[PDB]
Amino acid sequence: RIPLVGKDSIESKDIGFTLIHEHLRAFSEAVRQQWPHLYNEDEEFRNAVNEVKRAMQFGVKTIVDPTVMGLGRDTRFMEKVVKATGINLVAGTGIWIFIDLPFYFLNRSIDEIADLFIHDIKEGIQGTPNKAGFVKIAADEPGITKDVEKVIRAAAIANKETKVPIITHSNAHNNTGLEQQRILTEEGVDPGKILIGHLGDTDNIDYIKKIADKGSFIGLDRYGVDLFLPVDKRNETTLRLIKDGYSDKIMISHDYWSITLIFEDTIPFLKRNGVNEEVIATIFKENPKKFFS
Amino acid sequence: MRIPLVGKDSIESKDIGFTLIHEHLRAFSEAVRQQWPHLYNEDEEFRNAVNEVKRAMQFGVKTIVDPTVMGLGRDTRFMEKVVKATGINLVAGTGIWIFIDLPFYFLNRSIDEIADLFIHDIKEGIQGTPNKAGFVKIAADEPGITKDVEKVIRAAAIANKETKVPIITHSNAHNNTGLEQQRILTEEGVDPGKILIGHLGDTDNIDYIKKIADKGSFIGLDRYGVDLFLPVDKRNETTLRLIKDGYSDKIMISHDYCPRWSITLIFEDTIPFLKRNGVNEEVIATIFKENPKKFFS
Ligand SMILES: [Co+2]
Ligand SMILES: [Co+2]
Ligand SMILES: [Fe+2]
Ligand SMILES: [Fe+2]
């Protein structure tokens with residue numbers, strides 16, 4: 001029921017321990033095509049493989065990679081790492097923009113954009129048989145611009161036609177997440193199929209709860225990126241939200257400084273502060289299972 | 001020994017010949033095409049590329065300047081794959097086509113870092129091919145001159161000083177963006193006659209077109225066939241008005257071709273029209289030969 005990169009599908013029950021938001025590799029499609037002398041596919045590949053290998057050491061079974069248009073999605077690269085590690089990797093479709101769309105989308109309808117997403121879900125991605133397993137959309141400081149709203153509505157339509165869930169990028173300080181959730185549910189999207197991301201960058205604990213209360217997963221997913229909020233402020237927001245019994249809605253990731261910083265810092269901090277392996281299992285196993293259920 | 005070419009060796013800026021200064025063999029969004037290749041068809045775009053190039057050589061075009069850059073799908077492998085089938089003098093370029101923001105890769109990065117990336121295309125080559133870049137292409141439009149748009153403008157000027165190359169721009173004829181690019185590049189001390197300000201033929205406000213021409217810069221009447229911005233006869237009215245008002249030395253004409261829109265509509269219409277309205281053969285040589293020669297000298 002969940003498509004995978006270079007494997008057969010899996011039942012949502014078998015997803016296992018999951019990191020819900022990690023980037024194997026991410027870049028601007030335009031910058032790379034026009035100046036490859038700034039990149040190297042040799043170092044990029046090895047670091048992907050070894051980081052994943054470590055992640056499999058610590059017990060990570062499944063990785064969800066929300067690299068889409070605007071972030072350099074390459075399914076050929078993804079089927080490489082799957083070959084070299086055997087990891088369960090979920091790829092998605094969608095559009096990552098903050099203001100306007102590429103000039104190609106001038107005079108194109110929302111149903112024209114959803115077709116692209118529905119194409120990646122039903123037929124495959126970039127020619128390969130790898131199919132999308134979720135849609136990814138984004139909003140930030142500019143808030144909900146009109147092209148950003150076109151993208152949100154194109155995701156709601158793909159969700160209703162394929163029932164794959166939606167991951168969002170948002171800005172924690174300007175209400176974009178709540179607006180994403182408001183527009184998506186209005187269009188019929190089940191709240192439980194929505195992950196509002198990048199809420200770790202805030203401490204307005206009542207804003208986070210307002211999103212969780214409406215039935216969507218909340219993203220505490222920017223560890224290691226210590227330029228937004230220090231980790232030991234993130235770990236207290238997480239713990240606070242866990243002490244209030246919100247672990248059924250909490251989702252934690254790195255947004256990738258390494259892809260094991262949670263096993264080194266986050267999880268050990270939490271287990272020292274009370275949370276049993278039930279809470280840890282709710283966040284990294286059961287919540288991903290409902291999200292793809 | 002001056003103007004690099006795609007699939008060929010360098011020529012002097014006075015062997016340039018009959019130039020179409022602004023044409024696109026192909027244009028697309030790198031981000032859209034990399035993600036949804038089922039939308040495109042390289043083979044059809046190869047046949048149409050070659051068809052229209054050689055048919056422009058039938059009418060005597062010797063050189064086509066192509067300002068397809070970052071944001072417009074520049075691909076020198078496709079370019080020299082068309083040169084091999086036509087023998088055209090193709091001038092590739094470097095630069096950044098944006099209207100609001102730069103890609104996130106450029107976040108916190110510096111004006112000189114961007115300029116270093118144009119100079120890599122000019123001095124070392126483009127996309128790891130031995131094809132170099134003969135000019136810098138920058139852009140502005142309806143969003144106005146914004147912060148990152150202004151950083152690419154100045155990044156271009158810095159490539160002008162070091163490399164010498166001229167600078168083709170894309171503006172919006174209806175909001176003084178073209179003038180502001182000139183106001184910014186020259187206030188940065190670039191040779192005004194090394195700036196071609198583009199798409200001025202989209203308006204019939206002659207006074208605005210002349211103010212840019214008077215300040216020393218080439219004006220671009222370069223979207224022939226695109227009737228959504230201005231119909232053809234209304235463009236022939238403006239081009240003629242500008243010729244008979246003295247400005248033939250700072251006029252450049254092209255199609256910007258990526259109704260009756262092709263890459264030879266000026267030979268099928270505009271040039272017969274101008275001849276029968278008092279334009280002799282030496283002024284059309286000024287427009288398609290002399291003005292290019294100077295731009296690249
Ligand atoms: Co993100
Ligand atoms: Co243009
Ligand atoms: Fe991300
Ligand atoms: Fe153009």
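Both ligands and their constituent atoms are indexed starting at 1 by order of listing. The figures here come from the full heavy-atom set of this structure, side chains too, leaving out hydrogens, waters and symmetry mates. Letters A, B, ... mirror the listed sequences (proteins, then strands); counts begin at 1.
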Side chains of B:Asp227 and B:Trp261: is there a donor and an acceptor less than 3.5 Å apart? no
I'd like to know if B:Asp269 pairs up with B:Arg235 as an ion pair, taking the criterion as any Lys NZ or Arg NE/NH1/NH2 lying under 4.0 Å from an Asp or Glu carboxylate oxygen. no
Residue list, side-chain contact (heavy atoms from CB on, under 4.5 Å) with B:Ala140, at least two apart or on another chain: B:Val149, B:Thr177, B:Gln181
Can you list every salt bridge (charged side-chain N to carboxylate O under 4.0 Å, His left out) pair that touches residues 19-33 of chain A, not counting sequence neighbours? A:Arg25-A:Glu44, A:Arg25-A:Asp74, A:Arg32-A:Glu41, A:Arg32-A:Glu44
Pairwise distance OG1(B:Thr86) to CZ(B:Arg55) - rounded to 0.5 angstrom: 14.0 Å
Can you confirm whether or not the ring centre of B:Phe104 sits under 6.0 Å from the ring centre of A:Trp96? yes
Side chains of A:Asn171 and A:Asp201: any donor to acceptor distance under 3.5 Å? no
Distance check, rounded to the nearest 0.5 Å: B:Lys62 atom NZ versus B:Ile16 atom CD1? 6.5 Å
Note, the Co ion (ligand 2) has protein N, O or S atoms under 2.8 Å numbering 2
Could you tell me whether the side chains of A:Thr145 and A:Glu149 share a donor-acceptor contact shorter than 3.5 Å? no
What are the protein N, O or S atoms, given as residue plus atom name, that sit under 2.8 Å from the Fe ion (ligand 4)? B:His22 NE2, B:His24 NE2, B:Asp256 OD1
